[PDB]
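Residue numbers (the working numbering), protein chains in the order written: chain A, 78 to 189; chain B, 1227 to 1545. A virtual CB, placed ideally from N, CA and C, is assigned to each residue, including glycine. Presented below is the structure to which this report refers.
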Amino acid sequence: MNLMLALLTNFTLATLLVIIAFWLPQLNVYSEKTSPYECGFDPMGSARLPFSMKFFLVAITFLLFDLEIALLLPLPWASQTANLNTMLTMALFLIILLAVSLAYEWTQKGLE
Amino acid sequence: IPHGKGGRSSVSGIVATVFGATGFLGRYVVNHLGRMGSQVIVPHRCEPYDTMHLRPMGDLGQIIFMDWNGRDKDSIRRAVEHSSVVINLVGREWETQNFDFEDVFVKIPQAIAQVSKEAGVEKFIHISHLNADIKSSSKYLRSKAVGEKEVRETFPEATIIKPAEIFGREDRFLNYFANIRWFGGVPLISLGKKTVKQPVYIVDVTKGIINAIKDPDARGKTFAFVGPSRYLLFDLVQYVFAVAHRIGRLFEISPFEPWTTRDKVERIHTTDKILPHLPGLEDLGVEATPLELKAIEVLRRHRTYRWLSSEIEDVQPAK
Ligand SMILES: NC(=O)c1ccc[n+]([C@@H]2O[C@H](COP(=O)([O-])OP(=O)(O)OC[C@H]3O[C@@H](n4cnc5c(N)ncnc54)[C@H](OP(=O)(O)O)[C@@H]3O)[C@@H](O)[C@H]2O)c1
C-alpha cells in the first residue's frame, strides 16, 4: 500500500523546506522597506499583455500533432497478433496522415 | 562661528553630541545636521553595520563614531568633553531580559548628567512624552515620569522637550496598526471613547530641535508639541484601513521582539491631553502640519496604485 506513501513523503518534505526557508526569516526584525522598488528594470510598464499571433499558432499546431501519437501509442502491443497485413498497412496510414498535415501547413508557417 | 552658505560643507559653529541616533526618532535628527554642517559626534552602542546608512550625511570629517556601553562612566565622559550642545533621546520600549528598566530612565540620563555637566557643556536637552504622568500608569509611561522628575534635580535649566505622539516614515506607533492582517481586527477595547491623540509629523519635531539648538534663551522653558488638525476620532483606525484597503537583531530571526501581551495594548490609550499653557510648538516656530496630506505616503499595501482618496474627519468635537 506504498505508492501513496511513496510520494506523500516526497511532497511533505518538499513543502517543509519552503516555509522554513521562505516564511521563517520573513518574520525577522529588519527595517524591510516596502516601497514599490521590488520590480526590476521595467519600472512602471503601464500596458496590458498584447496579443501575438505567431505565438498562438504554436499552441494549436502541437495539439493536433499530439493526438495521433496516442493512436500510434499501442504499436508494440499490436505486434503479438493475428492477421498482420492489416496491422502493417493500417499503421503506415496514420503516419502519412500525420505527414500530409505537415506539408499543407508547411507552405505557410511564419516566423514561429 | 559661522561661514558662508549653510547648504553643505560649511562650519555653522555648533558641535553637537547626539546619543541614541539609530532609531526612528534619533536618525532623522542627524539628517538635518548633516546639511547645515557641524561636528555631530554620534556614539553608538554595539552596531557596526546597522549604522552604515548614516555616513552619507556627514560631509567629510563632520560625523565621527565611538562605542559606549552606557552604564560605565568614562565611556560617556570621553565624548562629552569637546562639545557645545548635547541632546538625549536614549531609551526603548519593553524591558529586556538583561537590563532592569527602572533606573535606565533614572541613572542613565543621570550618568550623562554626570561630569558631562561639570566639564563645561551647555543647552543639555532631554525628551518627554505627552502622557507620562505619575498617576498609576504605566510601567513604561510612569518611570518615564521618574526621568521627568529624578533627573530634573541636576541641570536646573534644560528645555526638556515634550513632543506629542508621532506619525512618520519608518515608525512603530501608526505601524502597530495595519500590521494586524490577522484573525481579527480588535480595537482597544472595542471602544472609541478617547481616540485619538495628537499625531504630530516627525519632520516638525526634528524642526523644533534645530530651531531651539540656537534659539537662544530657551533654557529651562520646557515645550509641548501641538498636533495636527484637530483632535481625532476612532475613525482613525477606520481611516488607516481606508486608504490601505485592508536592526542588529540576529542572523536568522530574533525570537523575542514582540507585540507585547502586556501594558503596550494600553500604553497608547491613556491619552491625557496635558496643559495648553505650555508654549510649546508654534512659539518654537514655524511648523504646523496636518495628517490628511501626509497620510498617503507611509501607508502602503498590495494595491500600490489605486487610492481614490476621499476619507476625512470633521474635527472632531471638543475641537
Ligand atoms: N517622543 C515620543 O513620542 C516617543 C515614542 C516612543 C518612544 N519614545 C522614547 O524617546 C526616544 C525615541 O527613540 P526612538 O523613537 O528612535 O525608538 P528606539 O528604538 O528606542 O531608538 C532609541 C535608541 O536607543 C537604543 N537603546 C536602547 N537601550 C539602550 C541602552 N541601554 N543603551 C544605549 N542605547 C539603548 C536603542 O537601541 P541600540 O542600543 O541598539 O542603539 C535605540 O537605537 C526613546 O527613548 C523612546 O523610548 C518616545
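*Tell me, please, whether the segment 1302–1320 of chain B touches the segment 1337–1356 of chain B by the rule of three or more beta-carbon pairs shorter than 8 Å.*
yes
*Look up B:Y1427 in the DSSP assignment and say whether it is helix, strand or coil.*
strand
*Compare the Cα-Cα distances from B:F1449 to each of B:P1282, B:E1374, B:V1330, B:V1347 and report the closest residue.*
Comparing Cα-Cα distances from B:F1449 to each of B:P1282, B:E1374, B:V1330, B:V1347, the minimum goes to B:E1374.
*Taking C-alpha atoms, which residue in A:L80, A:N105, A:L82 lies nearest to B:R1475?*
A:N105
*Straight-line gap, B:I1473 to B:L1525 (C-alpha atoms, nearest Å)*: 21 Å
*Step through the CB atoms of chain B and report whether any lies within less than 7 Å of the CB of A:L141.*
no
*Run down chain B in chain order and give the residues with a C-beta less than 9 Å from the C-beta of A:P120.*
What A:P120 touches in chain B: nothing, since even the nearest Cβ is about 13 Å away.
*Local Cβ density within 10 Å of B:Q1424, reported as buried at 16 or more and exposed below that*: Buried, because 16 or more other Cβ atoms sit within 10 Å of the Cβ of B:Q1424.
*Determine the direct distance from the alpha carbon of B:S1363 to that of B:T1322, and round the result to whole angstroms.*
19 Å
*asked:* My parser needs the beta strand (DSSP E) runs of 3 or more residues fully inside the segment 1283–1323 of chain B; what are they?
replied: 1290–1293
*Taking any Cβ of chain A, which residues in the segment 1453–1481 of chain B have a Cβ under 7 Å from it, in chain order?*
For the segment 1453–1481 of chain B, which is checked against every Cβ of chain A, the residues closer than 7 Å are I1473, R1475, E1478, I1479, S1480.
*Please go through the same chain and pick out, in chain order, the residues whose beta-carbon is closer than 6 Å to the beta-carbon of B:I1227, but skip the five residues on each side of it.*
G1239
*For chain A, is any of its Cβ atoms less than 7 Å away from the one on B:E1508?*
no
*Excluding the 5 residues preceding and the 5 following B:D1430 in the sequence, name in chain order all residues of the same chain whose CB lies nearer than 6 Å to its CB.*
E1513, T1515
*Going by other Cβ atoms of all chains shown within 10 Å of its Cβ, with 16 needed for buried, is B:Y1531 buried or exposed?*
Its Cβ having fewer than 16 others within 10 Å, B:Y1531 is exposed.
*In three-state terms, what does DSSP make of B:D1276?*
coil
*Beta-bridge pairing of B:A1337 - partner residues as DSSP gives them*: For B:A1337, which the question treats as bridged, DSSP gives no partner whatsoever.
*Length of the line joining the Cα atoms of residue 1547 of chain B and B:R1271*: The displayed coordinates of chain B run from 1227 to 1545. Any statement about residue 1547 of chain B would go beyond what the structure contains.
_Residues of chain A with CB closer than 9 Å to the CB of B:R1526, please, in chain order._
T111, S112, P113
_4 or more residues per run - each alpha helix (DSSP H) lying fully within the segment 107–171 of chain A_ = Entirely contained in the segment 107–171 of chain A, the alpha helix (DSSP H) runs reaching 4 residues are, in chain order, 134–144.
_chain A contact residues for B:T1486, given Cβ-Cβ distances below 9 Å_ = In chain order: nothing, as chain A lies at least about 14 Å away.
*asked:* Our contact map puts B:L1510 next to B:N1437 with C-beta atoms below 8 Å; I'd like the distance itself, whole angstroms only.
replied: The pair is a contact, with the Cβ atoms about 6 Å apart (cut-off 8 Å).
_Quick check on the DSSP output: what are the complete beta strand (DSSP E) runs of length 3 or more inside the segment 1372–1443 of chain B, in order along the chain?_
1391–1393, 1425–1427
_Buried versus exposed call for B:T1432 [16 or more other C-beta atoms within 10 Å across all chains shown]_ = Buried is the call here.
*Hey, is B:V1426 close to ligand 1, as in C-beta under 6 Å from one of its heavy atoms?*
no
_Residue-level contact to chain B via CB, A:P153, 7 Å cutoff_ = no
*Ordered along the chain, which non-local residues of its own chain (more than five positions away) have a Cβ less than 7 Å from that of B:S1235?*
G1263, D1285
_Within 8 Å of chain B by C-beta, residues of the segment 78–102 of chain A in sequence order_ = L101, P102
*Specify whether the segment 1337–1348 of chain B and the segment 1402–1411 of chain B touch according to this definition: at least 3 beta carbon pairs, one from each stretch, less than 8 Å apart.*
no
_8 Å Cβ shell around B:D1498 - same chain, five flanking residues per side excluded_ = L1356, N1357, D1359
_The beta strand (DSSP E) that contains B:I1479, what's its start and end?_
Here B:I1479 belongs to no beta strand (DSSP E), and DSSP marks it neither H nor E.
*What do you reckon, is the C-beta of B:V1256 under 6 Å from a heavy atom of ligand 1?*
no
*Is there at least one Cβ from chain B nearer than 7 Å to A:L104's Cβ?*
yes
*Kindly examine ligand 1 and report whether one of its heavy atoms sits closer than 6 Å to the Cβ of residue 1547 of chain B.*
Because chain B here runs from 1227 to 1545, residue 1547 of chain B falls outside it and cannot be looked at.
*Sequence-distant residues of its chain with Cβ nearer than 6 Å to B:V1422 (five each side left out)*: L1458, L1462
*Figure out for me which residue from B:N1295, B:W1485, B:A1468, B:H1495 has the closest Cα to the Cα of B:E1391.*
B:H1495
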